[PDB]
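One structure is given below, encoded as structure tokens.
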């Protein structure tokens, strides 16, 4: 770009169409010669490389008259001797063929049925949808005076409807196409093409046309007809060969003259104002066009020129254009020549299919097909849209490995001089920068603050590389001299200066998950260095470690892009992350461990030390001070020797960098370091700032790390983002220079326990020599301390070995009893029994500060490693019952199961060395199954939510204009501004400093003060009186005040949740500040924390889910978790969840014993579950008699486990079971062809038995234990003809299918632990229709599922929308990841925007307005065909459509215009 | 309102749009057992008059088709008997703000 | 101590301008071909999330493939325009092809 070459005319919209056969006026070349070169390599005229298609091989162009440097290239056409069709539109001409009738030349549909769809689709090309459903309201061997009176009535309804709507402001002349109008249009056209599908005879004449058949997109067959149907068409309209493809034209070209009324509205989604005719030669191609020469240059690899791939399958069309041309001359003089002629029409179609696609032309079918055709150039991950429009490669960029630096600012970047004398900026030369730009031209391309090119006012460039200083001082003294032209008297010269210290740079670590990984740095050019060089405070936002990582450095090239990278994308405005409003920037390792030393109570400094530490961090020459003179403090010890204190240095550096005309900071916070670590009566855990003086407590990661509510996060709220960025630099240099004067080390003595504490861990670990056996004898239910070698114990432990369930119990009991022994050693020894203690022990000082490590790491060094756990279980064990060859089989020992009593100080034994390698590989193999997880989740969100932004009326809208929300998050608050919103006691202590920030003096004249405050007190009075009522009996006289008054214009129009907490604060606290001026401060703080209009909240929401999903990728610490659960909700919109559940609240009078009985009444009980044995005594002789005898459990047992009576078994065994058993026996024969002693039935048993012999096939006996419910007995007889039948295996499959009692779609109902008082029942499965009937146990008004589509089907779309925000919250709350609800509400309101439950997938994308979003996402030419058939005007307002056409984006700085106010008339 | 028990013959479901000014609404009485608007996840739906439907569209400068959509056969739209074009107001109880007035149109 | 073999020589690159591609006129790929840096799909989404429409304009139009091209304001097309081949005593101008009717179409 040049800024001295403005462009006056810009593109506003893109229409899609079809080129017709007026290519003849366009291209006058007619490329006929299939030969593309010759001998001597020259282009032969008439060939593909003809010189009227552009300049080529240092020739002037024939039509352009210009060389290769200035010709555009021109398009040439290939005459096709027949109308070969288009493989894009082939599936759609195949529908209008199979719907017409060849005789009547209409469709095979009634001409009022067709007329109704044309009448409705005319209404839907205006925006009116209710009228299109009010046309089916219009009805009346029907005589033709009735139907043409009906057609007069329907068409008059449309003329009255459109003329009424257009007389209002409901529509325009160009229609009112929106996304919901796009929905109802795509539902009719899918319907209209389905009732043109299966209609038998032409309902206007009677006779019917035959069926058509095709192949893979080349043949058009006209099939035959069975004899029952030929005779129907001769009694009516008399009172599998191939069709040549010029006749399918003349079918369709006679149809489209008659059916132009209906096709005028199917092919146009907005009104056809040009009223041109849909012609059927839009489906057929009488000419191809050839891309110009520049777009068809020859390929080359190595040094070997090849022929272009586009020309290899294009001259093949041009040979067949000539093969059929000589073969036509044989027809001119007049069998076998038609067998060659029909052979030519296949390949002239199968080559023009290959120029356009590559799988649509199969051809030889030999695998790995080359020349992928002009569709595969458009469709892939690479494609053309994604690789070359959506992302590009850029000029003025660089990359390098990064290195750390505590000596640059936190907002800066250290640029090597290699980069610095290469990247340039086109500075326009003016009267204020001629002093700088002269010296830049004099220094030239090698001395750094220099230049490399000057650009004159005619746009011509003058390079400076070869010149001496005399030619450069010649040019430098001519920068302001006006060239005497008249065309360019407006312009001035441009020096391309190097990159200086005032320039700006966008840096990005390359996997760019969230927008804080691409920030704006200030340039700091450092000599003698070869890598990019970054501060430690920036490593949290880039996810950066300095171990070979690279970062790209983009250098923007005008003042619009410098102003954005310094004010919108700079690192100072990225202090709080948008995910949950937490700080992400702060000091990291040595600076944490220096503040615990410097702010300590032993830290005393003399005057020469004190004044040196202040000037080591604060230079007035670099503009750190706000006073131009470093001010200091009196010492805290006067007389014996004058000494300063280390906390008093933190006070002084806040005094010099915070602005002078504000009061100091007031903050009561905590540390991470407990008061017991400092001795008796210390208060060094309370951090106290009082008027900017650190009076108490040391400083930690909790204060100047990336941690909320510390001192750095407090100075960000009170003084602003520029001051909190300077305090992170001033402290970082203070602790760097303090570490150099006074170092920090960790040694071997830091790892040692004292001689007493080393005996403590000996005495406790002696009490774990018996823990493995006592955990064993608990699991195997053996009492009174059986010895380990007891043979009845070893039989039981082998039984536990063979089962995965039983082994999980033995592991989980023993892992509890050794983690008891583990935590006693860490409790007894870690602070209290070490040789060196906290203000000298650096391994404890690093773990307690948050500098590096944890107390878990410290305990494994000094005490013991503990239990090695392998995917929630213990050490694996062989078939022989051994966990290593060192151990006895079934060794009941803690050590044998992998309980390491060794520590890294003293080394671990070889047995427990081997188990610790097992736990080291279980984490590394989980990364090995973690190839690509969340990269496609975030792409699907960001493509839909690309253009969703905050509008100026505070509504959340999409780029086409459709509303998504009425206010952002319900309250219109930026997440990165709400952190001290309800920190009322902080805001009350800092009243006077917060007041002049939120300065109300020159602010009350611009915004309304009384109207919102009066309406809020009326709603707050009305909402307390009806707070006792349920949510459906709430009266709606007063809506929320945010619905009534603009939050940014009316003071006091506040969300009702901030109003409650503020008024709860003012009345529970009795504290020269009133309440009436603390209302007005905090209500003004609400008004200055709002989201700004134009904010890209749709990108931020998708990045606030897509970035912490990368954290969410690990194993089990039942219900789907993490990313596979999140892909079910956000993607795919699954109505079939893997684990659908239902949460059932029970009443407050029902007990636990009543509820456990209730869970049994629901859960499905297979008949398998109550059966102890099935004994089958097969006997043959006499018919093969099969005697099936069932043993159940005791009747009291299964009644008290499954709530099943013995009378329920009878009505399942007799009624359900035996029908299944005989259905399996006959089926198995069908494939075969291809103690107790009991007697004396009574009458009723004898009558029950004969009742069952009638109903079944092979039974002949039945009994049941009617007295005790213990056994069942029935004795089948099959024939003598059949041979052996595995009856036991058949019974087992039938018993595991037969349900005794199942309410459908529900398997199991369980009674979990009551978490936070909600006594609930969780149900494996979803059926709301059935739990409504259980209302005497269950509060049916609160039953909650995780199945969204089940709630949508039953409770509606707002209940489905509250499910989605509760389900995505539960995905993140199980990882302790907190995303804001303002993100989750925007995702759930985008999914429910059509009343249904859409996904972020291709089908969810389908009903949207921008086609270039659709083409660039996936299936590019698929959506392209849908837009060409639709004559769609792309309005160029989605951000994917604007980058394609190069228009400025409409989000952020492009959501408004700037206009210059000129003074003269 | 025609409350039935098991089913309607689909030969008799054609007589549901039969009267042009009037409307016939059919309910299965197994579906009417629990009032779904009393549920804690289903917020208070209020249908609007055409006066404040007009005040809504003037204030946000909308078309009818640019609102969020509720279906014709939503279980709360069938409850309130909403016609196409009618705008219902939802008072949502948001996690971050409290009471929050949203809107949604029937198409 | 031990020195690892892999080192950081072939890792840095800088481009102010230079070679292009013939199809797209975008900067060529290449470490040693003096080639550009890719502003990918995720960085396009990161530049919208800041609301910086001009940094997106600079990194995707103004510094990649910005061409001022000719368009007919009648047929609305990029590729049908042409600069004429005039008299050597005249000035060439830009003219559409399919909007132009040839001189052997005089009608009266």
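Protein chains in written order, with the deposited numbering: chain A, 1 to 22, 24 to 141, 172 to 270, 312 to 406, 417 to 1153, 1160 to 1205, 1214 to 1278, 1287 to 1338, 1433 to 1663; chain E, 109 to 215; chain B, 1033 to 1140.
Don't be surprised by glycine CBs; every beta carbon is placed ideally from N, CA and C.
Looking at residue j and residue i, is the spacing between their C-beta atoms short of 9 angstroms?
| i | j | result |
| --- | --- | --- |
| residue 589 (chain A) | residue 634 (chain A) | yes |
| residue 805 (chain A) | residue 785 (chain A) | no |
| residue 1182 (chain A) | residue 1031 (chain A) | yes |
| residue 1005 (chain A) | residue 144 (chain E) | no |
| residue 1489 (chain A) | residue 1507 (chain A) | no |
| residue 578 (chain A) | residue 534 (chain A) | yes |
| residue 1646 (chain A) | residue 1085 (chain B) | yes |
| residue 1171 (chain A) | residue 1095 (chain A) | yes |
| residue 153 (chain E) | residue 197 (chain E) | yes |
| residue 678 (chain A) | residue 736 (chain A) | no |
| residue 1063 (chain B) | residue 1034 (chain B) | no |
| residue 1200 (chain A) | residue 1570 (chain A) | yes |
| residue 950 (chain A) | residue 997 (chain A) | yes |
| residue 316 (chain A) | residue 1083 (chain B) | no |
Mapping DSSP to helix, strand and coil, what is residue i?
| i | result |
| --- | --- |
| residue 731 (chain A) | helix |
| residue 1022 (chain A) | helix |
| residue 981 (chain A) | strand |
| residue 695 (chain A) | helix |
| residue 1564 (chain A) | helix |
| residue 203 (chain E) | coil |
| residue 216 (chain A) | helix |
| residue 780 (chain A) | coil |
Per DSSP, which residues does residue i bridge with? Please list them.
| i | result |
| --- | --- |
| residue 1114 (chain B) | B:1127 |
| residue 234 (chain E) | The displayed coordinates of chain E run from 109 to 215. Any statement about residue 234 (chain E) would go beyond what the structure contains. |
| residue 1493 (chain A) | Answer by DSSP bridge pairing: none, since residue 1493 (chain A) is not bridged. |
Here's the rule I'm using: 16 or more other beta-carbon atoms within 10 Å means buried, otherwise exposed. How should residue i be labelled?
| i | result |
| --- | --- |
| residue 1220 (chain A) | exposed |
| residue 1074 (chain A) | exposed |
| residue 720 (chain A) | exposed |
| residue 1191 (chain A) | buried |
| residue 1039 (chain B) | exposed |
Quiz item: Given 8 angstroms as the limit, is there contact between the segment 421 to 428 of chain A and the segment 56 to 68 of chain A, that is, 3 or more CB pairs closer than that?
Solution: no
Quiz item: How do the segment 618 to 634 of chain A and the segment 505 to 520 of chain A stand: do at least 3 beta-carbon pairs fall below 8 angstroms, yes or no?
Solution: no
Quiz item: Does the segment 691 to 698 of chain A come within contact of the segment 639 to 656 of chain A, defined as at least 3 CB pairs closer than 8 angstroms?
Solution: no
Quiz prompt | Cβ contact (3+ pairs, closer than 8 angstroms) linking the segment 704 to 715 of chain A and the segment 844 to 851 of chain A | solution = no
Quiz item: Taking three-plus beta-carbon pairs below 8 angstroms as touching, is the segment 661 to 669 of chain A in contact with the segment 773 to 792 of chain A?
Solution: yes
Practice problem: May I ask you to verify whether the segment 1073 to 1088 of chain A touches the segment 1109 to 1129 of chain A, counting CB pairs closer than 8 angstroms and requiring at least 3? | Solution: no
Quiz item: Hey, is the segment 180 to 188 of chain A in contact with the segment 1573 to 1585 of chain A, meaning 3+ C-beta pairs nearer than 8 angstroms?
Solution: no
Quiz item: Would you call the segment 1106 to 1114 of chain B and the segment 110 to 124 of chain E in contact, with 3 or more CB pairs under 8 angstroms?
Solution: no
Quiz item: Using 8 angstroms as the Cβ pair cut-off and three pairs as the minimum, do the segment 1608 to 1628 of chain A and the segment 467 to 483 of chain A touch?
Solution: As far as the Cβ criterion goes, the segment 1608 to 1628 of chain A touches the segment 467 to 483 of chain A, which means the pair count is three or higher.
Exercise. Would you check if there are 3 or more beta carbon pairs closer than 8 angstroms linking the segment 45 to 52 of chain A to the segment 61 to 78 of chain A?
Key: yes
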